[PDB]
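Residues 75 to 274, 282 to 352, 358 to 378 (the entry's author numbering) make up the sequence shown, in order.
Beneath this line is the structure, given in structure tokens, with notes to follow.
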Amino acid sequence: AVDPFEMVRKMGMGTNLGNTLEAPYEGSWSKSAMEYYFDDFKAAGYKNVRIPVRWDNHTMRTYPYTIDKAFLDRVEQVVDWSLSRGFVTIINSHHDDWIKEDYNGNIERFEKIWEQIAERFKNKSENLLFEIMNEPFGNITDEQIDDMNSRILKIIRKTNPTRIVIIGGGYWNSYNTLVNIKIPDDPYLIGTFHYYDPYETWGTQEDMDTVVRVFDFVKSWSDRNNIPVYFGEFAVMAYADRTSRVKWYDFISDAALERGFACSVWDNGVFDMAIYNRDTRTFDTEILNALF
Numbered sequence: 075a076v077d078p079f080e081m082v083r084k085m086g087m088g089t090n091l092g093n094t095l096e097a098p099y100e101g102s103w104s105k106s107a108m109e110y111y112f113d114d115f116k117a118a119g120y121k122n123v124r125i126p127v128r129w130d131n132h133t134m135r136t137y138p139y140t141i142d143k144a145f146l147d148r149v150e151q152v153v154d155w156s157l158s159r160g161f162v163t164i165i166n167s168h169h170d171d172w173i174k175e176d177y178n179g180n181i182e183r184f185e186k187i188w189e190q191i192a193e194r195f196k197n198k199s200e201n202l203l204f205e206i207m208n209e210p211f212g213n214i215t216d217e218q219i220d221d222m223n224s225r226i227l228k229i230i231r232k233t234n235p236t237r238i239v240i241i242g243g244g245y246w247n248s249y250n251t252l253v254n255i256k257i258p259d260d261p262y263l264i265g266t267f268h269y270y271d272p273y274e282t283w284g285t286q287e288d289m290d291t292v293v294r295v296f297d298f299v300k301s302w303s304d305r306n307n308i309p310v311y312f313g314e315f316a317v318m319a320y321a322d323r324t325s326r327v328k329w330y331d332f333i334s335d336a337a338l339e340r341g342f343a344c345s346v347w348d349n350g351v352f358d359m360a361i362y363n364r365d366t367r368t369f370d371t372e373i374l375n376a377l378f
């Protein structure tokens, strides 16, 4: 099968379908997924689409933790729109915070959710990737993070033996960068990094120097561990003025793609932090130009 390095090269620069299927219920935040979004994403030049999904309210809270068939149907529909247009397509668990609130108590429910996702999408193209969990870091120990990754990977591998899986490689903020040392012995892994600050504006000259340093350290990590890197939601901060914002998109893309990283820009569909207008079907073309 296609190895993670080939996949990351193919992924290039892409977009999130933010604030949609990872809302508590689809459409309750930003506009629901429509097929034409993907026509527009393709015409825009995007090479991947990350599709955040919150499984919580579409899954039984009690055993056997079945995901509503209609929701699985709906996610498959959206996935099939993305895959058929040639996008590398990423699905995940996103905003399923209930698992961090009680790991021991909720790990079985999380396992069964992934058991069902893996089962449903087992025959999908190599271009569909599984991202185990959006932000593994936070109210949960390292031991539990490593435990989660191991067992969800193993569950995935039962039905998806070579499908590339995205796990948290670590995180970064203005003060430090953390990287995982314990990486499962598996040949089909991509490592992902998000902004995270345990003690929780942007676009200055200093902010850029910070990001290059982060990117360089992540690159060393990438080289040393033989794992390619994916920044699945960059440009999540708010910006001082228009000119900073555009420059920042331009800078992140250059720096990432020079180091061979795959990227998905955060786009929440709000006109806040949006590039694609889902109502007018237009893009902020200056930001797109900055991305390509």
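Ideal Cβ positions, reconstructed from N, Cα and C, are used throughout, including at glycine.
- Fewer than three Cβ pairs drawn from the stretch 139-153 and the stretch 207-219 lie within less than 8 Å of each other, which leaves the two stretches out of contact.
- For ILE230, the enclosing alpha helix (DSSP H) has its first and last residue at 216-233.
- Here the alpha carbon of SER325 sits roughly 48 Å from the alpha carbon of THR136.
- For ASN306, the uninterrupted alpha helix (DSSP H) run begins and ends at 286-306, by DSSP.
- Under the three-state reduction of DSSP, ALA343 is assigned to strand.
- Put simply, of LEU374, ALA376, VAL293 and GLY350 the residue whose alpha carbon is nearest the alpha carbon of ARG340 is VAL293.
- Inter-segment contact for the stretch 122-134 and the stretch 95-106 is present: three or more beta-carbon pairs are separated by less than 8 Å.
- Partner residues in a beta bridge of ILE191, as assigned by DSSP, do not exist.
- If you check the CB distance, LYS186 and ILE214 do not come in under 8 Å.
- Counting along the chain, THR371 sits inside the alpha helix (DSSP H) bounded by residues 371-377.
- The residue from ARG124, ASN166 and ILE333 with its alpha-carbon nearest to that of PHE112 is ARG124.
- In this structure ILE219 is buried. Its beta-carbon is surrounded by 16 or more other beta-carbon atoms within 10 angstroms.
- DSSP places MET87 in the strand class (E or B) of the three-state scheme.
- If you draw a 10 Å sphere on the C-beta of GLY242, you find 16 or more other C-beta atoms in it, and that means buried.
- For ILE141, the CB contacts under 6 Å within the same chain, skipping 5 residues up- and downstream, are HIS132, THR133 and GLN190 in chain order.
- In this model, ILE226 and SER334 are separated by some 31 Å (Cα to Cα).
- Proximity to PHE332 across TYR273, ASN180 and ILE373 peaks at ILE373, based on C-alpha coordinates.
- Residue range 239-246 is occupied by the beta strand (DSSP E) that includes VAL239.
- Inclusion of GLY86 and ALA343 in the CB contact set at 8 Å is warranted, their separation being smaller than that value.
- Rounded to the nearest whole angstrom, the C-alpha separation of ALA107 and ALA319 is 25 Å.
- Across the set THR285, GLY284 and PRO235, the C-alpha of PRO235 shows the shortest separation from the C-alpha of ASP260.
- Between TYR139 and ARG183, the gap from beta carbon to beta carbon is short of 8 Å.
- About 4 Å separates the beta carbon of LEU95 from that of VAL127, a gap short enough to meet the 8 Å contact definition.
- Put simply, the backbone Cα of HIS169 is about 27 Å away from that of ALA321.
- Scanning the stretch 102-159 from its first residue to its last, the whole beta strand (DSSP E) runs of 3-plus residues come out as 122-125.
- Spanning the alpha carbons of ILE308 and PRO272 requires a straight line of approximately 25 Å.
- In the DSSP assignment, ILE173 falls within the alpha helix (DSSP H) that extends over 172-175.
- Annotation: the continuous beta strand (DSSP E) that includes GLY265 extends over 263-269.
- Taking the C-beta atoms as reference points, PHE378 is found nearer than 8 Å to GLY119.
- For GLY313, the enclosing beta strand (DSSP E) stretches over residues 310-315.
- With contacts defined by Cβ atoms closer than 8 Å, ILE164 and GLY350 do not form a contacting pair.
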